[PDB]
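*Asks:* Just the structure for this:
(9 chains, ligands or ions: 3)
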Amino acid sequence: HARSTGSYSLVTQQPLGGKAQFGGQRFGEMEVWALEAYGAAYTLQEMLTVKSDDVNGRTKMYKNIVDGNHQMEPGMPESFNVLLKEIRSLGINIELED
Amino acid sequence: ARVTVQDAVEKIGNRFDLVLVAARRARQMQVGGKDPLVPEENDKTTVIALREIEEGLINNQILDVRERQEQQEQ
Amino acid sequence: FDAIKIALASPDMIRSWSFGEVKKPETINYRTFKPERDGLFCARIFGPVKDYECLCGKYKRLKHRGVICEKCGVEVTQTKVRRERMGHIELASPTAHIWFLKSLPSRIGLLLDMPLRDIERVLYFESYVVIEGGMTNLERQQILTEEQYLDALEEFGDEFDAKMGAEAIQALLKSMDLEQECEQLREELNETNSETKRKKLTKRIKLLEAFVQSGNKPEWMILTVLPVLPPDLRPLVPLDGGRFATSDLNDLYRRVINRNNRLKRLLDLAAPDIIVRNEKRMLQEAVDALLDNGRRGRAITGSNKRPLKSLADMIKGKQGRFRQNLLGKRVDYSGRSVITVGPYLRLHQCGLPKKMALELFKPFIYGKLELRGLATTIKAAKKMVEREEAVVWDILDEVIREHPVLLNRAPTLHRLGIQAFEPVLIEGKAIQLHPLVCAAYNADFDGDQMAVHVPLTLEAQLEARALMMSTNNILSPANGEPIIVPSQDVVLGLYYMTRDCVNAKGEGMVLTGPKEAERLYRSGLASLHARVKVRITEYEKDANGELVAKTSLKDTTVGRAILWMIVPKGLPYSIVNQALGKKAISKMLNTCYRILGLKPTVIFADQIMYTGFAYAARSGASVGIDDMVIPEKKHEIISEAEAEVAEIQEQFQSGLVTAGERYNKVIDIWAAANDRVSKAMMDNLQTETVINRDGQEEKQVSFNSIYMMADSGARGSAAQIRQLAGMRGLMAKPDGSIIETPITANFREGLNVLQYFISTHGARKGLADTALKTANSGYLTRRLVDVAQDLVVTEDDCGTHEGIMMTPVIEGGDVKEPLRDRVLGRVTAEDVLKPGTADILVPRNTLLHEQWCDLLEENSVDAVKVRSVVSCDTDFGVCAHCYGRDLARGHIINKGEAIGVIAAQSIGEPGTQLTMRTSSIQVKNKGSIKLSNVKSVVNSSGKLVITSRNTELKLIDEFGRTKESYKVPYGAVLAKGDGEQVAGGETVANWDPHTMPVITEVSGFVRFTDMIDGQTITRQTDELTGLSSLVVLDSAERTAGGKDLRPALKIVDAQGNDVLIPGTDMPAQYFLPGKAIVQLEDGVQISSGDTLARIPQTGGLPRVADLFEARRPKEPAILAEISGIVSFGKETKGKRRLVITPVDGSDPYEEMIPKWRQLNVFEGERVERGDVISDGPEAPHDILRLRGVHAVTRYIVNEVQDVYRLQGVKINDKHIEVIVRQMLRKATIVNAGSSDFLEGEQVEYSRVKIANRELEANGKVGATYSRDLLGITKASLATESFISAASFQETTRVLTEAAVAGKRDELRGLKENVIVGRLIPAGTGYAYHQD
Amino acid sequence: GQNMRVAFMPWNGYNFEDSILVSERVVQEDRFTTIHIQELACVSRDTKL
Amino acid sequence: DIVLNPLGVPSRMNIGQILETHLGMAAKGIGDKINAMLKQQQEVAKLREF
RNA sequence: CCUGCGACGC
RNA sequence: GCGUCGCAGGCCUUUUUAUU
DNA sequence: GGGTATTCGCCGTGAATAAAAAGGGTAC
DNA sequence: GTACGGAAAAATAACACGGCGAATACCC
Ligand SMILES: [Mg+2]
Ligand SMILES: [Zn+2]
Ligand SMILES: [Zn+2]
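*Replies:* Residues are numbered from 1 along each chain as shown, chains lettered A, B, ... in the order given. Ligands and ions are numbered 1, 2, ... in the order given. Sharing the structure here:
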């Protein structure tokens, strides 16, 4: 099985799972720990934001790879916004201050 | 080709800033279109930047004074 | 952005979050897909359903943006606002929050100082409570029943107020001042002598101060306004049949809205109280089922007999948002296939299929086709790629030549499971992997799969090429051993090539070089094993970098000369002239990497693998039925064993020996028969050759394929050959014992049914242990990672002088690790002095490499004080001098490396190799003994007795170092003194077991004081004539008239006067404890050392799991908390009383000991802080609070290494010291002086260090603290960061404490930066944060 | 299954850990060709309009 | 047809595959002798007694 | 909101 | 070199099997 | 009657992924 | 064939280990 781009979910904007749905591989917690054991910080940031969650980030990354530029924008993952909206529905006030 | 990068690690202090310096050098050739110092042999900008680190013609201070001369020129 | 802030939510904030109010329970129509007017799926509240179109019509356009329609009132905007807008439910009655009520400890129960059961009775309409009764008999908070409220109404009608439900709790929480109550609690805390009352008072004061410092109100816990979720986060999916299936949250919201509408409709019609009480109770239960379904009562099930999912189930657990959507995600540009072997590949490249490379590199080929001009439109490039034209493969080969890929296996136990390789376009559907990385990947080719990943940015490609390349990772970071060791085929080929026989073709001819040897081998004129004379030319770089050549005639074989062409110039010839096994090739690669470097070592390993795969095929090694030979003396050994078993059974049948001695003798003779069978088999398999040199025979090493595969170290060990050729031996039972009938056959001949059914027990036990170890190993690895994720090297030298003392560990049999394996790669703390003269041998801040180890091993040095990680004074991280080396390179540890993650991955990786299922000493060599911590007295016979509790018996050889170490009990005698030496092999110390005698220091007349017959002593006559002794009765089953009567043996002289002890002014009397049998009646002149009284009496992975969790053992060894004289007290029919009386200060100490435990402590002794009272496993908390930090650090390190040494696992000590430092991070305040801390609160160690440093800099007094120990689970939850504590375990109580405390959480770590999706402060991200 | 002529020897690392070297005559004779049958349905339901 | 590796035989103790290999070789030898007798024009009595 | 498909404008 | 029209898709829980 | 101090409930925890079915509101 | 969604029978079902807090019983 192999995949560059494809369909995404509704609630959490992530790639699907399975060969029949044309899904992608899962980068679990142990792979994150193995990347943290190296000095590979940009690879983990690319795996966590552009390749998985950030819609604007992955569209700008696709346009930059098509144009020929190897540069990405971190942005904000959508799963963190889903987590904030789900914790905020329990009557607990959590927000990013600046 | 660059199988090992030990001569690039021997120049700068550790291996972590080597990635940042080589990325800052490689972004000038693909986006800025600057001509490299070492003659390329069917290589991408990563291998050219690593060879420029290995030959000792590129470091942090050289890129800093080159950016300073570019700011003073324009 | 800045730090994360979490607090309580006011109802005004909930109304400000919302955009509308939901009033109808229905979600959507079934016949029409349009949303409802005012429902859970709305258009005028949450947003429109389609992009820039309203609901009613006429506004489906782009020029109208953000306008409000007049028909339905739907804002014309994007659909993306539907996943962020919220609503609210105006409840007719207040409800209590289930998180601040049911999660122990209860926040409402601690604030109101009320038990949880009474609040549960009041909230769920089962009892009454008075609120501000005034001048009445009832107090401020009293729990009234149903009848007591009627009595209070009919007795006190006016000036009375009692409510039932959440309104009473809201009125209690609203009418309460925090400052006055906190001041009253402080003034009550000053007049407090109890312990647990003081604990509850400090907990209530800390909760009140948490409510005061935070901006929240105590009445905000009672829910008034209820917010809802956006509809895109809980959508209604369509089905093929047309029926719209519902979710759990939509059903719970519909239930809550329907019950609230029923309550409003019933309150409109002015109902009586009985029905509306049940309606408010049902609304409370519906709100509690919506918030957390399963905490209170029974979880409601719908149509599945399964509990429904609430708002709390989506956050915690394995299927929550943290562990399934934030800590581990699904990524793009990735693939998966079955792996195969590529022999032609190099160490830095791998074989990638073209069908996977065409899919993983789509936009690169698109950009190259748009750049070259072959496709101007992106659709034309997509059709050109889908048609698979000729130039598409050329573009794909162009965009793959120097673009690495990340190959990864499914179990990632350490960092070598994700390595970078260069793709080679192959034909097929399998991935070709290099054979040398299979030992690091732990993956064979029987059906294993691996995942690939494609970096895209320049920084990711540079991190893959510089940090994650397979040529850069050749040493393991756990211990420093290589990971590019050759496997079975390469060592088999290099073992077959480098051998010799006494007679072959071409033996005894002079050769001019290795090229003539290769020519003679490939021409067929000389054999591969033929002793010849080859002129070699080896180089040596013993000068200042330059290489010196030499030429001489060597006596070698033909194959070693051919292998000499593979060996580079810097290596000598003496490393290849022997038979190459496995450790020989390993030390050859070690010598090549040590002398030459990294770049020739990769080419050397590749050429070694190439020549091994080339010369393993020319041999033709094969197994057969004739290779596994049978010893000719096996049948006669079985005959003598059966004759001995028959003789032992005939002796047992007569009645001379018991059944256990018979079984033990049978086991020993069968073990001896198995050892003789194995010895005869190994003797038959060694030589097995009668070959003529010229005309006479000569023995040589066997060329059997089984012996060549077992001797070279390719595959199999000696036990496998014993089970294949000799008898299998004794086999165990599932109950744990050993069957007396062994397996006298092998796998070559036919086994019967019983010998197979016996071995099925051990096979099933091993399979079940292997299947059940992996979950505990993964749990321990996850706990170690989450407890050691925030330790990054931030400095270089903090300037400290503390450190641990490195000594080689001695148990009593032999040594295991010398000083060199424990001191290598560590910076010393103090100057190591020469044993002869006090001059400085080595400075302090020196990295001890192998040359310093060779200099220290020749000067007879045993104790080297080095700097440790736990003794570092760096705030929020460590320095580069207290850690040591990198353990994968030759330099020092860099600034920015995450040393905690590699430590947790180094400890948690070999957990799959551990286990889960449950009188005299003899010296080894000749040397003088060293007696330390011993108080003795010379007896009359010339022996040497011990009058101390603990005594260290160490052996000092002629070199001046410590080789052995033993432990002797209290009552023992020594065969020789301390001055003379031991010849070796004789008994030095001997003692009788199961006895506890008392030894006197003086010799004189013995008198009986306070000893009356019939009450405290029992004179029994044994039936044997030898035993007629007196027994002292225990002080529990005695009568009431002799509770204070305690016997004692005063020692006087022959003249009757009381002799004294030299040094003090107390009589030399010895009291008798319970069940102490004395010898005889007094009246005999005893000697100095006499026997007076006679007193009779989990390892593996759970051991490491209990050691890292700081778990208290079942039978802890009680120690002495304070120094002084031991004294027993009056017991209270349960536990035994004991009190330690000091010599100078007062006695603020009193403890109890359980009477059923054994105490090896007499009445009057002299103990100090550190000595033990009983015998058993110790607890690390007592070692920390009594001895110190370094003692419990060495204890944990030695107890972990003793478990990890039994399985043959090499793990460095710094990785355990990282977990030891992470276990102790908090401190308990003893006396807070001029500080904002309380008396008995727990703060961080670095925070109180910074506070004491600032108070010392400002000229004020500091604070006295005490460090405490916590497990790997407790330290992960007791952290200042609430995000890392909620994502690991127990999300509900962590979020509850963060809500009631108002915590502001800065990231400052790896896991917090993983969640928000940015660069972690490690590696390149550390330099990014610095710049 | 099928029974074929077998040999136990290392061949240039192509049977390294557990790998199996198969000749081309096994592929030419088609003695390991299997037939796999799938099922694709098309449900025509009755709905509105 | 298939070349296997003999390295897994001492480590993983399954000696029955080598006995199956030898017995299949003997069975194929008997079958090739029967096929060589049937390929040439032979009578029924010699084939029956073999 | 994002993918893939079919059609049309400058 | 993009924008407009129409079609299909984005799930949840449980059970079983297989692999590492 | 205050200060302990054993018991006894209760909650949290128990590895990581690919395929193939079955069911998504039942009552009066 | 549309419409409130609860609690009591169900001829229900039923883990081992560990830490923390509350009811409660000893000991002067
Ligand atoms: Mg396998
Ligand atoms: Zn409208
Ligand atoms: Zn330090």
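*Asks:* how about the helices in chain D?
*Replies:* D:25-28 (DSSP state H).
*Asks:* Smallest distance to RNA strand F belongs to which residue of it?
*Replies:* Nearest residue of chain D to RNA strand F: residue D:42, at 17.4 Å (CB to the nearest atom of the strand). Quick note: C-beta positions are derived from backbone N, CA and C, even for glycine.
*Asks:* now swap in chain B and tell me
*Replies:* Of all residues in chain B, residue B:31 sits closest to RNA strand F, at 23.3 Å by CB to the nearest atom of the strand.
*Asks:* distance of that residue from RNA strand G?
*Replies:* When distance is defined by CB to the nearest atom of the strand, to the nearest Å, residue B:31 is 19 Å away from RNA strand G.
*Asks:* State the number of residues packed around the closest residue to that residue other than its chain neighbours.
*Replies:* Distance criterion CB to CB, 6 or more residues apart in numbering or on different chains; nearest residue to residue B:31, sequence neighbours excluded, is residue A:69 at 6.1 Å. For residue A:69, the neighbour count with other CB atoms under 10 Å in any protein chain shown is 17.
*Asks:* For the residue of chain B closest to RNA strand F, grab phi and psi.
*Replies:* Per-residue torsions, residue B:31: phi -100, psi -50 (degrees, to the nearest 10).
*Asks:* One more: residue C:1167?
*Replies:* The phi/psi pair for residue C:1167 (degrees, to the nearest 10) is phi -110, psi 160.
*Asks:* one step back: in which helix or strand would I find the residue nearest to residue B:31?
*Replies:* Element membership for residue A:69, per DSSP states H and E: none, as it lies in no helix or strand.
*Asks:* counting contacts, what elements does the host helix or strand of residue C:1106 pack onto?
*Replies:* Using DSSP H and E, residue C:1106 sits within helix C:1101-1108. Identification of packing neighbours for helix C:1101-1108 by 3 or more CB pairs under 8 Å, 6 or more residues apart in numbering or on different chains; DSSP states H and E yields helix C:753-787, helix C:1189-1204.
*Asks:* Quick check: the gap between the residue nearest to residue B:31 and residue D:22.
*Replies:* With distances taken as CB to CB, to the nearest Å, residue A:69 is found 46 Å from residue D:22.
*Asks:* How about the residues of chain C by DNA strand I?
*Replies:* Applying CB under 7 Å from any atom of the strand, we find that chain C lies next to DNA strand I at C:25-26, C:104-106, C:109-110, C:115-117, C:200, C:251, C:254-255, C:258-259, C:262, C:282, C:285-286, C:300, C:1106, C:1109, C:1111-1112, C:1132-1134, C:1271, C:1274.
*Asks:* follow-up on the earlier one: downstream of the helix holding residue C:1106, the next helix or strand is which one?
*Replies:* Remark: after helix C:1101-1108, the chain's next helix or strand is strand C:1124-1128, criterion DSSP H and E.
*Asks:* Residue C:204 is in contact with residue C:113, correct?
*Replies:* Yes: counting by CB atoms under 8 Å, residue C:204 is a contact partner of residue C:113 at 7.0 Å.
*Asks:* So for these two, which residue has more residues nearby?
*Replies:* Higher neighbour count among residue C:113 and residue C:204: residue C:204, with 17 against 11, using other CB under 10 Å.
*Asks:* Next, count neighbours for residue C:1119.
*Replies:* So residue C:1119, with other CB under 10 Å, has 19 neighbours.
*Asks:* The one 3 residues further on too?
*Replies:* Using other CB under 10 Å, residue C:1122 has 16 other residues around it.
*Asks:* do residue C:1306 as well
*Replies:* By the criterion of other CB under 10 Å, residue C:1306 has 11 neighbours.
*Asks:* which residues sit in contact with the residue lying closest to it once chain neighbours are set aside?
*Replies:* Computed as CB to CB, 6+ apart, the closest residue to residue C:1306 that is not its neighbour in sequence is residue C:3, at 4.3 Å. Contacts for residue C:3 (CB atoms under 8 Å, 6 or more residues apart in numbering or on different chains) come out as A:97, C:1304-1307.
*Asks:* For PyMOL, write the select line for the buried members of these.
*Replies:* A single PyMOL command selects the buried members of the contacts of residue C:3 (16 or more other CB atoms under 10 Å in any protein chain shown):
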select buried, chain C and resi 1305+1307
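*Asks:* Among the contacts of residue C:3, which one sits closest to residue C:351?
*Replies:* When the contacts of residue C:3 are ranked by distance to residue C:351 (CB to CB), residue C:1307 comes first, at 41.1 Å.
*Asks:* Could you check how many residues crowd around the closest residue to RNA strand F within the stretch 451-600 of chain C?
*Replies:* Of all residues in the stretch 451-600 of chain C, the one sitting closest to RNA strand F is residue C:456 (16.1 Å; CB to the nearest atom of the strand). Residue C:456: 24 surrounding residues under other CB under 10 Å.
*Asks:* show me the contacts for it.
*Replies:* Residue C:456 sits next to A:46, A:61, A:65, A:70, A:72, C:333 when contact means CB under 8 Å, 6+ apart.
*Asks:* Assess the claim that the fourth one and residue B:44 are in contact.
*Replies:* No: using CB under 8 Å, residue A:70 makes no contact with residue B:44, being 10.1 Å away.
*Asks:* The two: who's more crowded?
*Replies:* More crowded of residue A:70 and residue B:44, by other CB under 10 Å: residue A:70, with 21 against 17.
*Asks:* residue contacts, the more buried one?
*Replies:* Residues in contact with residue A:70 (CB under 8 Å, 6+ apart) are A:64, B:30, C:456-458, C:461.
*Asks:* which one is residue A:93 nearest to, not counting chain neighbours?
*Replies:* Excluding the flanking residues, the one nearest residue A:93 by CB to CB, 6+ apart is residue C:9, at 3.9 Å.
*Asks:* Would you mind measuring from that neighbour to ligand 1?
*Replies:* According to CB to the ion, to the nearest Å, residue C:9 and ligand 1 sit 52 Å apart.
*Asks:* burial measure for that residue, as a count.
*Replies:* Applying other CB under 10 Å, we find 21 residues neighbouring residue C:9.
*Asks:* Next one: it relative to residue C:15, how far apart?
*Replies:* Residue C:9 is 10 Å from residue C:15, by CB to CB.
*Asks:* Equivalent analysis for residue C:1198, please.
*Replies:* Separation of residue C:1198 from residue C:15 (CB to CB): 62 Å.
*Asks:* same thing with residue C:1140?
*Replies:* For residue C:1140, the distance to residue C:15 equals 65 Å [CB to CB].
*Asks:* swap in residue C:895?
*Replies:* According to CB to CB, residue C:895 stands 50 Å off from residue C:15.
*Asks:* In terms of neighbours, single out the busier of these two.
*Replies:* residue C:895 (19 against 14).
*Asks:* Can you verify the more buried one is assigned to a strand?
*Replies:* No: under DSSP: H, G, I helix; E, B strand; the rest coil, residue C:895 sits outside any strand and is assigned coil.
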